[PDB]
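*Asks:* Please find one structure pasted underneath; my questions will follow.
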Amino acid sequence: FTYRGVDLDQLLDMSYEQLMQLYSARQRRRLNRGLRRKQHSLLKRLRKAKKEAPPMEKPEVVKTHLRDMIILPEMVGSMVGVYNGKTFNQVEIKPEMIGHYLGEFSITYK
Amino acid sequence: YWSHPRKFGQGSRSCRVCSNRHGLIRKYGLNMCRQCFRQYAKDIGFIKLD
Amino acid sequence: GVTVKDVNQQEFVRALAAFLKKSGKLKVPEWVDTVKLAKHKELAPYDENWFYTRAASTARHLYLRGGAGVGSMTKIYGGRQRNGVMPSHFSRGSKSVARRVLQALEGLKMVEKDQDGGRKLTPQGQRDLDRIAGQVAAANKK
Amino acid sequence: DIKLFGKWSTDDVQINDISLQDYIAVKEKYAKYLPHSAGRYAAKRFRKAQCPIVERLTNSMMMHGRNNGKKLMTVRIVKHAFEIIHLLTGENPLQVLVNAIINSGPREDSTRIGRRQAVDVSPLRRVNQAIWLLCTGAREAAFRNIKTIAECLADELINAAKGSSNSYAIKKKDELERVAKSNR
Amino acid sequence: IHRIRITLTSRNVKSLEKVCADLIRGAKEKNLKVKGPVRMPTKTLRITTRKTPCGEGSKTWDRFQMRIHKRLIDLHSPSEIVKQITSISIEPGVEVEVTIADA
Amino acid sequence: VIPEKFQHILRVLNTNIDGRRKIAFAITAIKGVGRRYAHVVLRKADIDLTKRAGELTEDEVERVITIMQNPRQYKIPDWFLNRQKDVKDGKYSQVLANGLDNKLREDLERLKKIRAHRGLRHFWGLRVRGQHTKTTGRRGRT
Amino acid sequence: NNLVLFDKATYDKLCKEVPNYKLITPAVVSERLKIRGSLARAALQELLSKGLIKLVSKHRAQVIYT
RNA sequence: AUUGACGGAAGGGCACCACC
RNA sequence: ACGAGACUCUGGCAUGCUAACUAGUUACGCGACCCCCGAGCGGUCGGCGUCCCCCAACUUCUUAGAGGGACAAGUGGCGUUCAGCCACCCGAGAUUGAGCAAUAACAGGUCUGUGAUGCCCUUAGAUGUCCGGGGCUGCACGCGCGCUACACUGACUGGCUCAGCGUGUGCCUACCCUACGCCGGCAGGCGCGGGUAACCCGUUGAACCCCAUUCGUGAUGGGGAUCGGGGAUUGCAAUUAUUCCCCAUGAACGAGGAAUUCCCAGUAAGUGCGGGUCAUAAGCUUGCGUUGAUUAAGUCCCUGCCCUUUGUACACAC
Ligand SMILES: [Mg+2]
Ligand SMILES: [Mg+2]
Ligand SMILES: [Mg+2]
Ligand SMILES: [Mg+2]
Ligand SMILES: [Mg+2]
Ligand SMILES: [Mg+2]
Ligand SMILES: [Mg+2]
Ligand SMILES: [Mg+2]
Ligand SMILES: [Mg+2]
Ligand SMILES: [Mg+2]
Ligand SMILES: [Mg+2]
Ligand SMILES: [Mg+2]
Ligand SMILES: [Mg+2]
Ligand SMILES: [Mg+2]
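Protein chains in written order, with full-length UniProt numbering: chain E, 15 to 124; chain H, 7 to 56; chain U, 3 to 144; chain W, 16 to 129, 135 to 204; chain L, 17 to 119; chain A, 4 to 145; chain C, 45 to 110.
Dropping the structure here:
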């Protein structure tokens with residue numbers, strides 16, 4: 015797997031500013047303006063729930079209302095429950111969804 | 007409480023007579039509902055010449 | 003005696019463009035072959051030497067109603083934009099073409115910077131445009 | 016000496032039909048340099064019979080809604096059609112136009128009373149009908165075809181003025197008279 | 017001595033013109049070079065609304081409008097003389113704005 | 004006036020480029036090449052725009068293929084290209100006749116294996132750009 | 045199926061019977077001889093340059109020869 | 001017997017929200 | 001007597017009056033440029049000045065006040081010699097366009113405009129109110145208002161030349177219109193100045209149109225739906241794509257059945273520009289100018305209204 019030429023481990027190492035050049039214009043503008051306390055707390059909880067799971071099983075699901083949180087490369091592998099208005103749909107974050115938002119993985123209709 | 011930003015949009019603006027948010031007239035700095043304008047027009051000075 | 007007003011402008015522009023292209027002193031940007039002259043065009047200009055024609059046209063447009071800038075220059079060269087299935091609207095021309103053209107003319111010593119703001123025509127620009135107008139008016143009566 | 020478009024004389028035309036003499040306005044007072052004037056001819060009744068016939072032909076060519084209001088275009092296509100006529104025939108284009116009006120006008124129509137009883141046709145209305153038939157013949161001949169509207173207008177009213185049946189207006193006139201004769 | 021400019025604004029022509037007449041006459045009586053009434057283009061403020069309070073009917077509209085008229089008077093005289101030229105029974109719908117050669 | 008080596012039809016990129024058509028609009032029959040890209044390609048090469056496709060010989064055809072296959076080498080700007088900042092490769096380039104179909108297929112399957120919203124709406128066969136589906140789009144559906 | 049470029053027979057016909065038309069214009073030479081309008085304009089401009097035919101009028105929409 | 005409304009009654013007039 | 005008309009606003013006229021550096025014109029002086037023999041009460045100038053008070057006057061154009069002006073007044077004809085109608089002269093104009101708009105009504109619409117309101121319901125696990133997310137936009141289909149088109153009376157590229165309404169920095173209220181200079185191919189970005197406005201944007205360099213080039217009757221360089229990739233802007237947040245820009249893909253559509261709408265003079269139609277909505281934004285509406293017609297000066301056939309006569313077992317109107 016590669017994302018705009020660069021591999022996953024380098025994507026993990028680089029800062030937000032270097033990461034901005036590998037995104038689309040929408041995600042670069044969203045990272046140019048800050049990330050508020052909601053997204054920082056979501057990243058905190060995702061990090062905490064990934065660093066406490068035993069080996070060879072998925073991390074515990076982390077529910078969230080934030081459907082507009084872009085998927086950083088420190089979110090891959092982790093399990094998220096995204097609200098769709100009524101329920102928390104489970105999304106296993108796979109490395110291909112770096113660019114996309116969390117919102118377009120929990121459908122809000124039928 | 008009143009945490010959500012209300013710096014623009016229909017939520018920010020309300021009529022200066024009834025505090026209704028629909029049909030608002032903002033031209034010339036009125037900030038009045040269309041019906042309230044239609045009622046107070048003669049008092050404000052908006053004659054209906056043509 | 004002849005002046006720029008006393009001659010067909012559509013042929014005066016071709017004469018001035020041929021003059022500018024003749025004397026190899028106009029500066030051309032490297033992207034001339036790859037750009038549309040406005041966001042409302044569909045293709046690039048059909049004329050390879052479009053830069054000389056645009057420079058001559060704005061030299062004429064600075065002889066009369068002098069004192070202009072890149073904004074007014076992109077409202078002179080703006081046109082109609084067809085928005086697909088939506089109605090059409092007036093849209094301005096590209097600013098970089100206009101700025102490069104005016105700076106190239108400034109490098110030719112024809113155009114200079116006005117006092118209040120904008121760009122006007124030097125006495126040398128007046129002299130050159132009037133001599134070109136004399137040439138086209140003379141070549142019309144033969 | 017007022018010449019249409021600067022080159023077409025107007026005192027040697029001949030309206031050979033007495034009925035249409037005072038509706039095809041082309042000479043002595045009606046001479047003009049161009050088929051364009053701020054008209055005010057639709058103000059009162061019959062005032063459009065005092066309009067030059069080339070300006071009526073120009074007016075009736077601004078049609079189908081993509082050419083509405085575009086009068087300068089119709090003025091130049093009339094100018095170019097007249098030059099084509101003078102090349103093809105070898106006679107004054109105003110004469111050819113006047114003869115096309117006279118030949119292409121229907122002189123007996125059929126109105127709906129009910135079955136359609138035959139009726140006679142006014143001179144002004146048959147001038148109107150002649151102009152409209154020539155214009156629509158030219159218009160439908162130039163649509164989806166490599167010929168231009170000037171050549172189609174020229175060949176239309178040339179075939180009209182000569183009287184042949186390959187024009188569209190002569191076909192329509194013959195059809196109108198044929199029904200209005202079979203249904204008297 | 018200054019270039020004092022009096023600007024008069026009103027919504028009706030009658031009282032505005034009569035206040036202008038009073039000012040010009042008072043200034044002419046005391047021998048002033050009075051550059052007389054300049055008339056700026058009247059501003060028409062227009063608001064077109066729907067007539068109905070609900071949204072049902074025949075879609076008729078209501079065209080309210082308000083005109084604003086503006087007049088100018090230029091005096092060339094000391095301040096204390098304009099302080100008695102003015103202050104003579106200004107009509108209600110008229111509003112004056114003295115500008116004493118500076119903002 | 005016709006040259007005896009007039010190629011009536013071309014086979015440039017496993018596609019049939021119709022001769023008897025103007026060269027700038029001839030190569031437009033290749034998928035991935037449109038009017039603006041064809042004009043900038045033919046302008047970077049020394050090919051006269053006022054030519055019917057069949058009038059060219061093999062040298063100009065090979066040069067046209069080389070310039071359109073490798074646009075960045077011949078100073079065609081990055082913003083011109085179809086596939087800028089590729090998701091997987093990361094390389095700026097222009098996808099041609101068969102590459103644009105493999106790339107469109109690979110794009111839809113990327114967005115569909117991931118179960119994104121746009122990919123699901125492509126799989127179901129609906130509009131994916133926010134359009135109202137209530138009254139339009141009924142042709143392609145039973 | 046208009047010819048984009050003249051062959052020998054059509055070029056012979058254009059040189060041997062087009063300068064004897066009362067009306068010459070790019071829409072009647074491109075219909076008697078089956079050629080495209082662009083080839084017609086090119087051919088008539090070449091004939092005018094050589095001097096066989098005379099220009100009556102020149103417009104951006106209609107050009108007329110003799 | 002009177003006023004209104006109606007008549008798949010009988011006469012007049014009007015309207016490019018009717019026609020020609 | 002009310003309604004109609006009169007009335008009010010608006011359009012058209014005034015070389016007559018009142019005036020104007022927040023509008024100009026014309027002279028004069030200075031300056032630039034062009035011809036020239038030596039040339040000139042020569043030509044172009046939205047270049048500058050006459051606002052230090054004469055070292056220039058004036059109001060034609062612009063603005064807006066007061067008056068004037070049109071009344072079927074004059075001349076023929078018809079008409080009961082009546083009201084009036086038709087034509088014509090002189091005229092700016094011989095029917096400019098709207099606003100207001102009666103007696104009675106309608107179970108017409110609005111309790112979702114209101115600190116207009118009766119009654120009923122609910123009132124702390126609230127139908128109050130706030131916050132987070134979703135939805136109004138969902139898609140086999142059936143209608144209505146529209147926008148773009150089907151091309152050559154055209155599309156594309158370049159060149160040249162013209163508008164009129166009117167808006168603009170805000171109590172709470174954050175959010176204005178923008179000239180000029182420099183980056184960028186574009187959307188855009190960064191500096192810096194003017195404007196609370198006849199002062200600045202702005203002489204609002206609008207589009208159609210006009211002039212030249214390419215194409216050539218082909219679903220084509222007509223049409224631009226659908227869709228892939230990228231770049232910016234607004235926002236606290238753009239995915240179910242806000243909007244804008246660039247490359248690419250290139251569908252139906254070849255003038256539309258039965259039916260049906262709207263309209264008679266600067267009108268229909270074409271074509272753009274403002275206002276409202278608006279942090280972001282018009283395929284909508286409301287106004288504005290621009291190019292500018294075909295047909296008609298009639299009728300009761302169709303669709304509806306109004307009057308009169310006539311029949312009624314109808315009066316909550318069969
Ligand atoms: Mg323009
Ligand atoms: Mg044609
Ligand atoms: Mg659908
Ligand atoms: Mg009809
Ligand atoms: Mg009800
Ligand atoms: Mg109510
Ligand atoms: Mg909520
Ligand atoms: Mg809705
Ligand atoms: Mg409706
Ligand atoms: Mg196109
Ligand atoms: Mg195509
Ligand atoms: Mg708007
Ligand atoms: Mg709406
Ligand atoms: Mg109807």
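Virtual Cβ for every residue (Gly too), placed ideally from N, Cα, C.
Buried or exposed, going by whether 16 or more other CB atoms sit within 10 Å of the CB of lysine 62 of chain E?
*Replies:* Answer is exposed; the Cβ neighbour count stays below 16.
*Asks:* Using 8 Å as the Cβ pair cut-off and three pairs as the minimum, do the stretch 24-39 of chain H and the stretch 101-114 of chain U touch?
*Replies:* With a cut-off of 8 Å, the stretch 101-114 of chain U and the stretch 24-39 of chain H do not count as touching, because too few Cβ pairs lie within range.
*Asks:* Quick one: is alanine 46 of chain U near chain A, going by C-beta distance under 8 Å?
*Replies:* With 8 Å as the cut-off, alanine 46 of chain U counts as an interface residue toward chain A.
*Asks:* For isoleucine 5 of chain A, return the contacting residues in chain C, with the cut-off set at a CB-CB distance below 8 Å.
*Replies:* In chain order: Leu49, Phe50, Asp51.
*Asks:* Helix, strand or coil, according to DSSP, for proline 57 of chain L in the structure here?
*Replies:* DSSP places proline 57 of chain L in strand when its eight states are reduced to three.
*Asks:* Verify the CB distance criterion: does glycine 51 of chain H have a CB-CB separation below 8 Å to chain L?
*Replies:* Yes, its Cβ sits closer than 8 Å to a Cβ of chain L.
*Asks:* Give the secondary structure of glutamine 83 of chain U by DSSP, where H, G and I count as helix, E and B as strand, and everything else as coil.
*Replies:* Residue state, collapsed to three classes: strand.
*Asks:* Taking the alpha-carbon positions, what's the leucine 49 of chain C to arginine 46 of chain A distance?
*Replies:* Roughly 24 Å between the two C-alpha positions.
*Asks:* Using a C-beta cutoff of 8 Å, does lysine 78 of chain C count as contacting chain W?
*Replies:* Chain W contact via Cβ: absent.
*Asks:* Are the beta-carbon atoms of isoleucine 68 of chain C and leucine 88 of chain C separated by less than 8 Å?
*Replies:* Yes, these two residues count as a Cβ contact at 8 Å.
*Asks:* Restricting to runs no shorter than 3 residues, where is the beta strand (DSSP E) found entirely within the stretch 32-108 of chain U?
*Replies:* For the stretch 32-108 of chain U, whole beta strand (DSSP E) runs of length 3 or above, ordered along the chain, are 81-85, 88-93.
*Asks:* Taking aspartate 49 of chain U as the query, report the chain A residues whose CB atoms sit under 8 Å from its CB, ordered along the chain.
*Replies:* Per Cβ cutoff of 8 Å: no residues; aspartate 49 of chain U is ~11 Å from chain A at best.
*Asks:* Three or more beta-carbon pairs under 8 Å between the stretch 109-124 of chain W and the stretch 29-43 of chain W, yes or no?
*Replies:* In short, these stretches touch, since the Cβ pair count reaches three.
*Asks:* Is it buried or exposed for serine 96 of chain U, if we count other Cβ within 10 angstroms and need 16 for buried?
*Replies:* So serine 96 of chain U ends up on the buried side.
*Asks:* If we define contact as Cβ-Cβ less than 8 Å, is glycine 99 of chain E a contact residue for chain A?
*Replies:* So, not an interface residue.
*Asks:* So what does DSSP say about residue 125 of chain E, is it helix, strand or coil?
*Replies:* This structure cannot settle anything about residue 125 of chain E, because the visible part of chain E is limited to 15 through 124.
*Asks:* Counting only Cβ pairs nearer than 7 Å, list the residues of chain A close to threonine 16 of chain E.
*Replies:* Simply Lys91.
*Asks:* Would you list the residues sitting across from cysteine 39 of chain H in a DSSP beta bridge?
*Replies:* H/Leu30.
*Asks:* By alpha-carbon positions, which one of U/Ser74, U/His91, U/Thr76 ends up nearest to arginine 82 of chain U?
*Replies:* Taking only the C-alpha atoms, the option nearest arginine 82 of chain U is U/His91.
*Asks:* According to DSSP, what are the bridge partners of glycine 95 of chain E?
*Replies:* Its beta-bridge partners are E/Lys77, E/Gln104.
*Asks:* Which residue wins for smallest C-alpha separation from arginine 136 of chain W, given the options W/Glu171, W/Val199, W/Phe20, W/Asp26?
*Replies:* Measuring from the Cα of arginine 136 of chain W, the nearest candidate turns out to be W/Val199.
*Asks:* Which residue or residues does DSSP assign as beta-bridge partners of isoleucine 89 of chain L?
*Replies:* Its beta-bridge partners are L/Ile22.
*Asks:* With 9 Å as the C-beta to C-beta threshold (strictly closer), list the residues of the stretch 67-82 of chain A near chain U in chain order.
*Replies:* Within the stretch 67-82 of chain A, the residues whose Cβ lies closer than 9 Å to some Cβ of chain U are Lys78, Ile79, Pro80, listed in chain order.
*Asks:* When you compare the CB positions of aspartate 124 of chain W and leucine 196 of chain W, do they come within less than 8 Å of one another, or not?
*Replies:* Contact flag set, yes.
*Asks:* Going by C-alpha to C-alpha distance, which of W/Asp27, W/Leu49, W/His51, W/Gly54 sits closest to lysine 42 of chain W?
*Replies:* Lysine 42 of chain W has its Cα closest to that of W/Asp27, out of W/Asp27, W/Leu49, W/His51, W/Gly54.
*Asks:* Give, in chain order, every residue of the stretch 59-85 of chain L whose Cβ lies closer than 8 Å to some Cβ of chain H.
*Replies:* The residues in question are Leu61, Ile63, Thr65, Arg66, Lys67, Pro69, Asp78, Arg79, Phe80, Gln81, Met82.
*Asks:* Mapping DSSP to helix, strand and coil, what is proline 63 of chain C?
*Replies:* Correct three-state label for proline 63 of chain C: helix.
*Asks:* Please list, in chain order, the chain C residues whose beta carbon lies closer than 7 Å to that of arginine 164 of chain W.
*Replies:* Chain C residues near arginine 164 of chain W: none, gap ~13 Å exceeds 7 Å.
*Asks:* Do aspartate 92 of chain A and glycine 19 of chain E come within 8 Å of each other at the CB atom, strictly closer than that value?
*Replies:* The answer is yes: Cβ separation under 8 Å.
*Asks:* Can we count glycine 128 of chain A as close to ligand 3, meaning its CB is less than 7 Å from some heavy atom?
*Replies:* No, the beta carbon of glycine 128 of chain A sits no closer than 7 Å to any heavy atom of ligand 3.
*Asks:* Locate the alpha helix (DSSP H) running through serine 184 of chain W, then write down its first and last residues.
*Replies:* Premise fails: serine 184 of chain W is in no alpha helix (DSSP H) and is neither H nor E.
*Asks:* Residue 122 of chain L bridges to which residues according to DSSP?
*Replies:* With chain L covering only 17 through 119, there is no way to say anything about residue 122 of chain L.
*Asks:* Cβ of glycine 91 of chain E less than 8 Å from any chain A Cβ?
*Replies:* By this cut-off, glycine 91 of chain E is not an interface position.
*Asks:* Helix, strand or coil for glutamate 71 of chain E per DSSP?
*Replies:* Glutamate 71 of chain E falls in the coil class under three-state DSSP.
*Asks:* Using a Cβ-Cβ cut-off of less than 9 Å, give me the residues of the stretch 85-100 of chain C that come near chain W, in sequence order.
*Replies:* So the close ones are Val100.
*Asks:* Could you have a look at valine 100 of chain C and say whether DSSP puts it in helix, strand or coil?
*Replies:* In this structure, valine 100 of chain C counts as strand in the three-state DSSP scheme.
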